[PDB]
Structures are given as structure tokens and as C-alpha cells.
Amino acid sequence: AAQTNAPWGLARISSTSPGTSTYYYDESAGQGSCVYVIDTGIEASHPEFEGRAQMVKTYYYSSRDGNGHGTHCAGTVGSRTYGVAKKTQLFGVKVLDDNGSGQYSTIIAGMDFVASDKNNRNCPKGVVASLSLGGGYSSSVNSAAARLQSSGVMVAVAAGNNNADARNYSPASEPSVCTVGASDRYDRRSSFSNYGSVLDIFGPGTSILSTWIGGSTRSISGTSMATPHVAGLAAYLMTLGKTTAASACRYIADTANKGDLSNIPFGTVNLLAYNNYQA
Ligand SMILES: [Ca+2]
């Protein structure tokens with residue numbers, strides 16, 4: 001399949017070169033997979049989700065995304081126009097309030113929720129979780145992310161936007177999950193992107209167009225935007241039978257565009273998520 005005039009990040013993920021604008025992907029498009037977006041929620045009524053999104057959990061007075069950030073991330077995972085895996089099922093878990101904040105205890109509860117909740121969902125091709133959030137180092141937060149991964153979920157987490165070594169942030173610093181840095185349309189490390197040994201992969205993170213609340217669309221930047229590209233990619237690859245939850249991060253790294261990013265600090269992987277789709 002070919003989507004012309006796609007957001008640059010989608011085009012990037014199916015290309016051996018920067019500077020193109022068509023997204024190429026296998027028509028299966030993540031059908032039969034599921035992606036949990038653990039964030040401020042998802043506006044499920046957005047036409048871009050085509051009925052494939054639903055809220056499954058909140059820790060607040062409402063499951064509504066009153067912020068937009070969760071809706072944007074969900075859009076990059078799986079919206080019809082702005083998404084990597086255009087036929088995946090999206091499940092929203094609202095661990096962040098409408099200000100985009102959340103106590104670590106609530107975030108941890110949300111991760112353990114997903115590990116159980118997948119047993120209540122139909123995801124024959126596999127399960128992914130996208131965590132576009134984080135804070136300072138916490139062994140408890142890392143351990144929760146590790147449990148989620150261990151339970152059979154491909155966990156993708158944001159590296160963070162501190163232009164610093166991600167070893168000092170959680171869940172970014174958890175070794176067993178897939179930690180995602182951000183790049184721009186010119187294959188530069190995004191200026192805010194964290195880096196370091198704990199990073200596993202980079203994805204498009206600067207100036208990313210996706211869904212927003214009120215049935216709208218929006219371009220924003222962050223490792224929060226890179227993460228759902230990788231989560232959607234994992235779901236897409238799992239539907240193709242190319243990988244599994246336990247090995248998707250490794251597979252994505254194995255098959256990534258290598259050595260093509262600029263301003264990657266010595267000791268950080270120079271790997272850019274790539275679907276290796278040959279039309
Ligand atoms: Ca790893």
C-alpha cells in the first residue's frame with residue numbers, strides 16, 4: 001500500500017532515505033494486533049480512529065482526554081491518516097490527568113492493569129504498549145515496565161526530552177523495555193531528545209502531525225511522538241508474523257536504518273526505526 005502526502009515520519013519509517021513523502025506498508029496494517037496507549041486518554045470518537053479506539057481504564061473522574069497528548073500519540077500508532085498501523089485496535093489507559101501529570105503510583109497501577117487486561121481483549125497477532133511519559137529514576141516504575149514486558153507485551157517508552165542521558169529517567173532506564181529517542185526530518189537527533197546506552201532505537205519526533213481532541217489535528221514534538229511510531233511499527237510487524245512481543249525491540253533494532261542520524265553522542269545507538277517494506 002502507498003499513502004501519498006503522508007506525515008514525514010510515516011514516510012521516514014518506510015524509507016531508506018530522508019526527504020520523501022509517501023508511506024509504504026503492507027495492507028495487513030496491524031489488523032489483529034492491539035496497542036495500549038498509557039497516557040491522558042484517547043478521544044475514541046475522533047473520525048480518524050474509525051471505531052478502532054476505546055477507553056478501557058481511567059484513574060480520574062473521567063476517561064475523557066481533556067489534554068490532547070494521548071489522542072495525538074494514539075493517532076501516530078493507529079489513526080487512518082496519521083498512523084503507522086492503520087488497522088490495529090487501540091486501548092486507552094488514562095494514567096495522566098488533563099494537565100498531563102500523573103503520580104508514579106497511578107502510572108504503575110496502569111502498567112499492571114495492562115498486563116492483566118490483555119487477557120480480556122482479542123489480540124491474536126500480539127499486544128503492544130506505548131508509554132509517552134516519564135520522570136526521574138524510580139526502581140518501582142522500572143520494575144512495573146519490566147513486569148508489563150515480561151507478561152507478553154511489547155513495551156515502548158519515551159527516552160525523555162531533557163537532552164540528557166536517559167539513565168536518570170524512568171521508565172526510560174529500564175533495560176528490558178524498548179526506549180525510544182527522537183529524530184527530525186533531516187535525520188538529526190531531535191534537539192531535546194535524551195540519549196545514552198539505555199536507548200534502543202530512534203523514531204520521528206520533531207514536528208509530528210497527528211490527531212488532537214475536539215476532532216482536530218495538530219503538529220507537536222517530543223520523544224512522546226517518536227514512541228508511538230515504534231509501538232505502531234511493532235504492532236504492524238507482529239501482524240506480519242515477523243516478530244513477537246519478547247523480541248520486537250531486538251528485531252526493530254536489527255532491521256533499522258543504521259548510522260544515518262547526526263549528532264548522536266558517542267555510545268548511543270545510531271538506529272532509526274524502519275519497516276523494511278518492499279512494495
Ligand atoms: Ca534492551
# chains A, B, ... in the order shown; residues from 1 in each chain; ligands from 1
>>> residues_near_ligand(ligand="ligand 1", cutoff="6 Å", atoms="only C-alpha atoms and all ligand atoms", output="PDB file with N, CA, C and O atoms, in the first residue's frame")
ATOM      1  N   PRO A 175      16.156  -1.640  31.318  1.00  0.00           N
ATOM      2  CA  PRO A 175      16.793  -2.334  30.194  1.00  0.00           C
ATOM      3  C   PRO A 175      15.877  -3.221  29.345  1.00  0.00           C
ATOM      4  O   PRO A 175      16.117  -3.372  28.143  1.00  0.00           O
ATOM      5  N   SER A 176      14.845  -3.806  29.947  1.00  0.00           N
ATOM      6  CA  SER A 176      14.075  -4.835  29.250  1.00  0.00           C
ATOM      7  C   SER A 176      12.969  -4.294  28.340  1.00  0.00           C
ATOM      8  O   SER A 176      12.352  -5.063  27.605  1.00  0.00           O
ATOM      9  N   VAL A 177      12.718  -2.989  28.391  1.00  0.00           N
ATOM     10  CA  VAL A 177      11.728  -2.374  27.509  1.00  0.00           C
ATOM     11  C   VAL A 177      12.435  -1.598  26.399  1.00  0.00           C
ATOM     12  O   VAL A 177      13.656  -1.398  26.442  1.00  0.00           O
TER      13      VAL A 177
END
>>> select_by_dssp(residues="range 14-193 of chain A", states="strand (DSSP E or B)", output="count of residues only")
45
>>> closest_residue(among="A:105, A:121, A:3, A:174", to="residue 137 in chain A", atoms="only C-alpha atoms")
A:174
>>> closest_residue(among="A:151, A:22, A:88, A:17", to="residue 50 in chain A", atoms="only C-alpha atoms")
A:88
>>> closest_atom_pairs(of="range 96-213 of chain A", to="range 219-224 of chain A", cutoff="12 Å", atoms="only C-alpha atoms", output="Markdown table")
| residue | atom | partner | partner_atom | distance |
| --- | --- | --- | --- | --- |
| A:100 | CA | A:224 | CA | 11.8 |
| A:130 | CA | A:224 | CA | 9.0 |
| A:131 | CA | A:224 | CA | 7.7 |
| A:132 | CA | A:224 | CA | 4.3 |
| A:133 | CA | A:224 | CA | 6.8 |
| A:134 | CA | A:224 | CA | 9.5 |
| A:156 | CA | A:224 | CA | 10.2 |
| A:157 | CA | A:224 | CA | 8.1 |
| A:158 | CA | A:223 | CA | 5.2 |
| A:159 | CA | A:223 | CA | 6.1 |
| A:160 | CA | A:223 | CA | 5.8 |
| A:161 | CA | A:223 | CA | 6.3 |
| A:162 | CA | A:223 | CA | 9.9 |
| A:163 | CA | A:223 | CA | 10.6 |
| A:166 | CA | A:223 | CA | 11.5 |
| A:172 | CA | A:223 | CA | 10.6 |
| A:179 | CA | A:223 | CA | 9.6 |
| A:180 | CA | A:223 | CA | 6.8 |
| A:181 | CA | A:223 | CA | 5.6 |
| A:182 | CA | A:223 | CA | 5.0 |
| A:183 | CA | A:223 | CA | 8.5 |
| A:184 | CA | A:221 | CA | 9.3 |
| A:185 | CA | A:221 | CA | 11.6 |
| A:189 | CA | A:223 | CA | 10.6 |
| A:190 | CA | A:222 | CA | 8.1 |
| A:191 | CA | A:222 | CA | 9.6 |
| A:192 | CA | A:222 | CA | 7.5 |
| A:193 | CA | A:223 | CA | 6.4 |
| A:194 | CA | A:223 | CA | 8.1 |
| A:195 | CA | A:223 | CA | 10.7 |
| A:199 | CA | A:223 | CA | 11.5 |
| A:201 | CA | A:223 | CA | 11.1 |
| A:202 | CA | A:223 | CA | 8.8 |
| A:203 | CA | A:223 | CA | 8.2 |
| A:204 | CA | A:223 | CA | 8.3 |
| A:205 | CA | A:222 | CA | 5.2 |
| A:206 | CA | A:221 | CA | 4.5 |
| A:207 | CA | A:221 | CA | 5.1 |
| A:208 | CA | A:219 | CA | 4.9 |
| A:209 | CA | A:219 | CA | 4.1 |
| A:210 | CA | A:219 | CA | 6.3 |
| A:211 | CA | A:219 | CA | 8.7 |
| A:212 | CA | A:219 | CA | 9.1 |
>>> select_by_dssp(residues="range 140-188 of chain A", states="alpha helix (DSSP H)", output="PyMOL selection string")
chain A and resi 140-150
>>> write_last_selection(atoms="N, CA and C atoms", output="mmCIF file, in the first residue's frame")
data_model
loop_
_atom_site.group_PDB
_atom_site.id
_atom_site.type_symbol
_atom_site.label_atom_id
_atom_site.label_comp_id
_atom_site.auth_asym_id
_atom_site.auth_seq_id
_atom_site.Cartn_x
_atom_site.Cartn_y
_atom_site.Cartn_z
ATOM 1 N N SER A 140 10.827 1.318 41.189
ATOM 2 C CA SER A 140 9.457 0.795 41.146
ATOM 3 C C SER A 140 8.794 1.005 39.786
ATOM 4 N N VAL A 141 9.011 2.174 39.194
ATOM 5 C CA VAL A 141 8.491 2.442 37.859
ATOM 6 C C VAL A 141 9.147 1.530 36.825
ATOM 7 N N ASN A 142 10.469 1.387 36.904
ATOM 8 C CA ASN A 142 11.173 0.476 36.002
ATOM 9 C C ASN A 142 10.675 -0.956 36.163
ATOM 10 N N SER A 143 10.490 -1.386 37.407
ATOM 11 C CA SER A 143 10.033 -2.745 37.663
ATOM 12 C C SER A 143 8.636 -3.005 37.091
ATOM 13 N N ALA A 144 7.760 -2.008 37.170
ATOM 14 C CA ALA A 144 6.428 -2.131 36.593
ATOM 15 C C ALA A 144 6.505 -2.300 35.078
ATOM 16 N N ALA A 145 7.349 -1.500 34.432
ATOM 17 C CA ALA A 145 7.548 -1.616 32.992
ATOM 18 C C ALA A 145 8.122 -2.990 32.636
ATOM 19 N N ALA A 146 9.058 -3.468 33.452
ATOM 20 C CA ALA A 146 9.633 -4.794 33.246
ATOM 21 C C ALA A 146 8.581 -5.902 33.373
ATOM 22 N N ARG A 147 7.683 -5.777 34.350
ATOM 23 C CA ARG A 147 6.620 -6.770 34.508
ATOM 24 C C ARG A 147 5.710 -6.777 33.291
ATOM 25 N N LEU A 148 5.355 -5.591 32.821
ATOM 26 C CA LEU A 148 4.461 -5.484 31.683
ATOM 27 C C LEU A 148 5.072 -6.192 30.475
ATOM 28 N N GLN A 149 6.349 -5.913 30.223
ATOM 29 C CA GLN A 149 7.078 -6.564 29.146
ATOM 30 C C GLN A 149 7.113 -8.085 29.346
ATOM 31 N N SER A 150 7.479 -8.508 30.549
ATOM 32 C CA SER A 150 7.575 -9.927 30.861
ATOM 33 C C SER A 150 6.254 -10.671 30.627
#
>>> closest_residue(among="A:75, A:1, A:99, A:13", to="residue 257 in chain A", atoms="only C-alpha atoms")
A:13
>>> atom_distance(atom1="CA of residue 240 in chain A", atom2="CA of residue 152 in chain A")
17.3 Å
>>> atom_distance(atom1="CA of residue 68 in chain A", atom2="CA of residue 97 in chain A")
10.8 Å
